[PDB]
Amino acid sequence: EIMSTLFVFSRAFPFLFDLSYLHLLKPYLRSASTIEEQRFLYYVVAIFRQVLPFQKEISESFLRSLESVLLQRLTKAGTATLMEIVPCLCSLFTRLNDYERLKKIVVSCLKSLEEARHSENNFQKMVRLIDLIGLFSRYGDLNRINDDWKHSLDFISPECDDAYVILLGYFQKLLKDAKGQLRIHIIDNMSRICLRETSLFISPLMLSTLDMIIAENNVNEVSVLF
């Protein structure tokens with residue numbers, strides 16, 4: 001009930017947040033748990049990202065340390081909290097860091113994603129990859145350093161910088177060799193990654209996929225696409 005009002009003044013009217021209004025809770029924000037008391041964090045980080053961009057006031061020595069807390073805090077969480085952490089920290093790197101961590105780790109876990117279909121399924125742990133990949137790219141631009149990703153041309157072959165059409169191609173063939181909610185867990189973020197650059201959202205390789213999934217009439221599939 002307290003934090004219910006907090007979120008409200010976090011989204012609208014955000015330009016009134018003292019340093020201490022954060023700087024006292026910021027060490028408390030480190031407090032992480034493993035039970036229902038963790039779902040509390042969903043009422044934390046969104047307020048935090050609601051106030052970061054223009055009410056930063058972050059001392060240029062602390063911003064280097066904020067993500068150190070957060071990189072250590074993205075291991076295992078309810079899938080609900082994950083929709084806000086990436087929309088926070090991916091907005092923070094351009095405010096702190098270079099396009100390196102969201103480069104070096106993403107190309108690492110792309111190889112780890114290559115060893116996700118070409119491995120043990122882990123439909124409870126692949127979701128930590130099969131969604132996290134698109135989670136970064138949905139609200140984080142990839143029209144950036146990719147020569148090293150064009151150096152990862154080994155299995156991402158065809159054209160150019162536009163990973164997105166290839167990612168969608170790397171994923172378009174994943175809908176047939178799949179069986180069940182694996183298809184759901186991949187059809188959702190296939191739309192999510194394309195949501196950023198909607199210019200693809202009219203292109204044939206994805207439209208053909210849409211027509212393919214319409215004829216199946218899987219209620220669980222068509223619902224989550226809606």
# chains A, B, ... in the order shown; residues from 1 in each chain; ligands from 1

call {"tool": "residues_around", "arguments": {"residues": "residue 192 (chain A)", "least_positions_apart": "3", "cutoff": "10 Å", "atoms": "only C-alpha atoms", "output": "compact mmCIF listing (two decimals) with C-alpha atoms, in the first residue's frame"}}
result
# COMPACT_ATOMS: atom_id res chain seq x y z
CA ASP A 131 13.84 -14.55 -23.78
CA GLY A 134 15.34 -10.53 -27.34
CA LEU A 135 14.82 -8.71 -24.04
CA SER A 137 17.53 -6.20 -28.26
CA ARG A 138 13.89 -5.11 -27.88
CA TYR A 139 14.82 -2.00 -25.91
CA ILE A 186 9.69 -18.34 -28.74
CA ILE A 187 6.76 -16.80 -30.62
CA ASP A 188 6.32 -14.12 -27.96
CA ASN A 189 9.80 -12.61 -28.06
CA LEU A 195 8.40 -4.53 -31.94
CA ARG A 196 11.36 -2.13 -31.83
CA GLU A 197 11.90 -1.81 -35.58
CA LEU A 225 0.52 -12.94 -30.13

call {"tool": "select_by_dssp", "arguments": {"residues": "chain A", "states": "alpha helix (DSSP H)", "output": "VMD selection string"}}
result
chain A and resid 2 to 11 19 to 23 25 to 28 42 to 51 63 to 71 82 to 96 101 to 117 127 to 130 132 to 139 147 to 150 163 to 172 181 to 196 204 to 216 219 to 225

call {"tool": "closest_residue", "arguments": {"among": "A:170, A:159, A:77, A:183", "to": "residue 220 (chain A)", "atoms": "only C-alpha atoms"}}
result
A:183

call {"tool": "residues_around", "arguments": {"residues": "residue 56 (chain A)", "least_positions_apart": "3", "cutoff": "12 Å", "atoms": "only C-alpha atoms", "output": "PDB file with C-alpha atoms, in the first residue's frame"}}
result
ATOM      1  CA  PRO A  14       8.998  12.339 -11.669  1.00  0.00           C
ATOM      2  CA  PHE A  15      11.154  15.439 -11.435  1.00  0.00           C
ATOM      3  CA  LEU A  16      11.073  15.570  -7.622  1.00  0.00           C
ATOM      4  CA  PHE A  17      13.473  13.034  -6.222  1.00  0.00           C
ATOM      5  CA  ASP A  18      16.292  14.055  -3.917  1.00  0.00           C
ATOM      6  CA  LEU A  19      19.623  12.275  -4.008  1.00  0.00           C
ATOM      7  CA  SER A  20      18.876  11.093  -0.454  1.00  0.00           C
ATOM      8  CA  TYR A  21      15.409   9.981  -1.635  1.00  0.00           C
ATOM      9  CA  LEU A  22      17.385   7.469  -3.589  1.00  0.00           C
ATOM     10  CA  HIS A  23      20.875   7.504  -1.870  1.00  0.00           C
ATOM     11  CA  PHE A  48      14.126   3.224  -9.930  1.00  0.00           C
ATOM     12  CA  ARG A  49      14.068   3.352 -13.734  1.00  0.00           C
ATOM     13  CA  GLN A  50      11.128   5.756 -13.682  1.00  0.00           C
ATOM     14  CA  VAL A  51      13.402   8.216 -11.932  1.00  0.00           C
ATOM     15  CA  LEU A  52      16.922   7.486 -13.300  1.00  0.00           C
ATOM     16  CA  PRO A  53      17.001   9.290 -16.741  1.00  0.00           C
ATOM     17  CA  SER A  59      27.952  10.875  -8.674  1.00  0.00           C
ATOM     18  CA  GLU A  60      30.289   9.783 -11.452  1.00  0.00           C
ATOM     19  CA  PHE A  62      28.681   5.768  -7.960  1.00  0.00           C
ATOM     20  CA  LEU A  63      27.268   5.055 -11.420  1.00  0.00           C
ATOM     21  CA  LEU A  66      25.428   0.823  -9.323  1.00  0.00           C
ATOM     22  CA  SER A  91      19.245   2.340 -20.492  1.00  0.00           C
ATOM     23  CA  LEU A  92      22.044   2.779 -17.952  1.00  0.00           C
ATOM     24  CA  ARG A  95      24.681   6.574 -19.305  1.00  0.00           C
ATOM     25  CA  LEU A  96      27.658   4.738 -17.738  1.00  0.00           C
TER      26      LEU A  96
END

call {"tool": "atom_distance", "arguments": {"atom1": "CA of residue 214 (chain A)", "atom2": "CA of residue 164 (chain A)"}}
result
22.5 Å

call {"tool": "atom_distance", "arguments": {"atom1": "CA of residue 162 (chain A)", "atom2": "CA of residue 207 (chain A)"}}
result
17.7 Å

call {"tool": "residues_around", "arguments": {"residues": "residue 145 (chain A)", "least_positions_apart": "4", "cutoff": "9 Å", "atoms": "only C-alpha atoms", "output": "PyMOL selection string"}}
result
chain A and resi 99-100+103+149+161

call {"tool": "write_last_selection", "arguments": {"atoms": "N, CA, C and O atoms", "output": "mmCIF file, in the first residue's frame"}}
result
data_model
loop_
_atom_site.group_PDB
_atom_site.id
_atom_site.type_symbol
_atom_site.label_atom_id
_atom_site.label_comp_id
_atom_site.auth_asym_id
_atom_site.auth_seq_id
_atom_site.Cartn_x
_atom_site.Cartn_y
_atom_site.Cartn_z
ATOM 1 N N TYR A 99 29.448 0.301 -25.175
ATOM 2 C CA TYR A 99 28.709 -0.796 -25.786
ATOM 3 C C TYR A 99 29.575 -2.057 -25.814
ATOM 4 O O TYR A 99 29.925 -2.591 -26.863
ATOM 5 N N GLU A 100 29.924 -2.518 -24.616
ATOM 6 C CA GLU A 100 30.820 -3.643 -24.414
ATOM 7 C C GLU A 100 30.177 -4.757 -23.613
ATOM 8 O O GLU A 100 30.253 -5.914 -24.020
ATOM 9 N N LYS A 103 27.651 -6.054 -25.329
ATOM 10 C CA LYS A 103 28.257 -6.702 -26.474
ATOM 11 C C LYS A 103 28.946 -7.997 -26.089
ATOM 12 O O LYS A 103 28.626 -9.044 -26.653
ATOM 13 N N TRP A 149 30.462 -9.059 -34.332
ATOM 14 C CA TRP A 149 29.314 -9.915 -34.587
ATOM 15 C C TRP A 149 29.286 -10.377 -36.038
ATOM 16 O O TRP A 149 28.849 -11.490 -36.334
ATOM 17 N N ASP A 161 24.635 -5.815 -40.901
ATOM 18 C CA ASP A 161 24.370 -5.357 -39.541
ATOM 19 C C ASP A 161 23.021 -5.728 -39.004
ATOM 20 O O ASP A 161 22.889 -5.986 -37.798
#

call {"tool": "residues_around", "arguments": {"residues": "residue 79 (chain A)", "least_positions_apart": "2", "cutoff": "12 Å", "atoms": "only C-alpha atoms", "output": "list in words"}}
result
residues 38, 39, 41, 42, 74, 75, 76, 77, 81, 82, 83, 84, 85, 86, 124, 125, 127, 128, 129, 131, 132, 135 and 185 of chain A

call {"tool": "atom_distance", "arguments": {"atom1": "CA of residue 110 (chain A)", "atom2": "CA of residue 193 (chain A)"}}
result
14.8 Å

call {"tool": "decode", "arguments": {"residues": "region 152-193 of chain A", "atoms": "N, CA and C atoms", "output": "short mmCIF file (atom, residue, chain, number, x, y, z; two decimals), in the first residue's frame"}}
result
data_model
loop_
_atom_site.label_atom_id
_atom_site.label_comp_id
_atom_site.auth_asym_id
_atom_site.auth_seq_id
_atom_site.Cartn_x
_atom_site.Cartn_y
_atom_site.Cartn_z
N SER A 152 31.14 -13.10 -35.89
CA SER A 152 30.31 -14.25 -35.53
C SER A 152 29.40 -14.64 -36.67
N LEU A 153 29.84 -14.41 -37.90
CA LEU A 153 29.18 -14.83 -39.13
C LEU A 153 29.07 -16.34 -39.30
N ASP A 154 29.69 -17.12 -38.41
CA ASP A 154 29.79 -18.58 -38.53
C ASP A 154 28.42 -19.23 -38.70
N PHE A 155 27.47 -18.83 -37.87
CA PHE A 155 26.12 -19.35 -37.97
C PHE A 155 25.12 -18.25 -38.22
N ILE A 156 25.58 -17.01 -38.25
CA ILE A 156 24.72 -15.91 -38.61
C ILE A 156 25.29 -15.35 -39.91
N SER A 157 24.90 -15.96 -41.01
CA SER A 157 25.54 -15.74 -42.30
C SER A 157 25.12 -14.52 -43.13
N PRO A 158 23.80 -14.35 -43.48
CA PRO A 158 23.48 -13.80 -44.81
C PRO A 158 23.92 -12.38 -45.17
N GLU A 159 23.48 -11.32 -44.48
CA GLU A 159 23.56 -10.00 -45.11
C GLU A 159 24.51 -9.03 -44.44
N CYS A 160 24.21 -8.54 -43.25
CA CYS A 160 24.75 -7.25 -42.83
C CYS A 160 24.46 -7.07 -41.35
N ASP A 161 24.64 -5.81 -40.90
CA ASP A 161 24.37 -5.36 -39.54
C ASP A 161 23.02 -5.73 -39.00
N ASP A 162 22.03 -5.80 -39.87
CA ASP A 162 20.66 -6.04 -39.45
C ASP A 162 20.61 -7.48 -38.97
N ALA A 163 21.02 -7.64 -37.70
CA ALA A 163 20.89 -8.90 -37.01
C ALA A 163 19.46 -9.31 -36.95
N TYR A 164 18.56 -8.32 -36.87
CA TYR A 164 17.17 -8.54 -36.52
C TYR A 164 16.51 -9.48 -37.50
N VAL A 165 16.64 -9.21 -38.81
CA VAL A 165 16.11 -10.11 -39.83
C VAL A 165 16.77 -11.48 -39.75
N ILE A 166 18.04 -11.53 -39.33
CA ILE A 166 18.66 -12.84 -39.25
C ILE A 166 18.26 -13.53 -37.97
N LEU A 167 18.19 -12.80 -36.87
CA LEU A 167 17.71 -13.34 -35.61
C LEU A 167 16.35 -13.95 -35.82
N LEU A 168 15.45 -13.19 -36.47
CA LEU A 168 14.13 -13.69 -36.85
C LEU A 168 14.27 -14.90 -37.80
N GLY A 169 15.28 -14.92 -38.69
CA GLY A 169 15.53 -16.12 -39.49
C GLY A 169 16.09 -17.28 -38.69
N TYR A 170 17.01 -16.99 -37.76
CA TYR A 170 17.60 -17.93 -36.83
C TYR A 170 16.55 -18.48 -35.90
N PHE A 171 15.44 -17.76 -35.79
CA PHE A 171 14.34 -18.20 -34.98
C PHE A 171 13.15 -18.69 -35.78
N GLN A 172 13.04 -18.36 -37.06
CA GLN A 172 11.88 -18.73 -37.85
C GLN A 172 11.84 -20.22 -38.08
N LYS A 173 13.00 -20.82 -38.29
CA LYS A 173 13.09 -22.26 -38.38
C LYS A 173 12.96 -22.94 -37.02
N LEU A 174 12.94 -22.18 -35.92
CA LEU A 174 12.79 -22.80 -34.62
C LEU A 174 11.35 -23.13 -34.27
N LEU A 175 10.39 -22.75 -35.09
CA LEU A 175 9.00 -22.99 -34.75
C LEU A 175 8.52 -24.35 -35.21
N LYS A 176 9.18 -24.94 -36.20
CA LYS A 176 8.79 -26.25 -36.71
C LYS A 176 9.41 -27.38 -35.89
N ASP A 177 10.71 -27.31 -35.62
CA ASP A 177 11.38 -28.33 -34.81
C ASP A 177 11.01 -28.29 -33.33
N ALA A 178 10.13 -27.38 -32.93
CA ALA A 178 9.63 -27.25 -31.58
C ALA A 178 8.31 -28.00 -31.43
N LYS A 179 7.90 -28.23 -30.18
CA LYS A 179 6.72 -29.04 -29.91
C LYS A 179 5.59 -28.27 -29.23
N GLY A 180 5.84 -27.60 -28.11
CA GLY A 180 4.76 -27.14 -27.26
C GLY A 180 4.93 -25.71 -26.82
N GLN A 181 4.96 -25.47 -25.50
CA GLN A 181 5.14 -24.12 -24.99
C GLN A 181 6.51 -23.55 -25.30
N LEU A 182 7.46 -24.39 -25.73
CA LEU A 182 8.66 -23.92 -26.41
C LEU A 182 8.31 -23.01 -27.58
N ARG A 183 7.29 -23.38 -28.37
CA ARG A 183 6.81 -22.49 -29.43
C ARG A 183 6.23 -21.21 -28.86
N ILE A 184 5.53 -21.28 -27.73
CA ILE A 184 4.95 -20.08 -27.14
C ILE A 184 6.05 -19.15 -26.63
N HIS A 185 7.00 -19.73 -25.88
CA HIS A 185 8.16 -19.06 -25.33
C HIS A 185 9.09 -18.53 -26.40
N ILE A 186 8.94 -18.95 -27.66
CA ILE A 186 9.69 -18.34 -28.74
C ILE A 186 8.85 -17.42 -29.63
N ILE A 187 7.54 -17.64 -29.74
CA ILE A 187 6.76 -16.80 -30.62
C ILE A 187 6.55 -15.43 -30.00
N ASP A 188 6.54 -15.38 -28.66
CA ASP A 188 6.32 -14.12 -27.96
C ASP A 188 7.47 -13.13 -28.23
N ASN A 189 8.70 -13.54 -27.93
CA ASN A 189 9.80 -12.61 -28.06
C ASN A 189 10.22 -12.44 -29.50
N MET A 190 9.82 -13.37 -30.38
CA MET A 190 9.97 -13.10 -31.80
C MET A 190 9.18 -11.91 -32.21
N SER A 191 7.98 -11.77 -31.67
CA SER A 191 7.30 -10.52 -31.89
C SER A 191 7.96 -9.36 -31.14
N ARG A 192 8.47 -9.62 -29.93
CA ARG A 192 8.98 -8.53 -29.09
C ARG A 192 10.21 -7.86 -29.70
N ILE A 193 11.10 -8.66 -30.27
CA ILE A 193 12.31 -8.12 -30.88
C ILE A 193 11.96 -7.29 -32.10
#
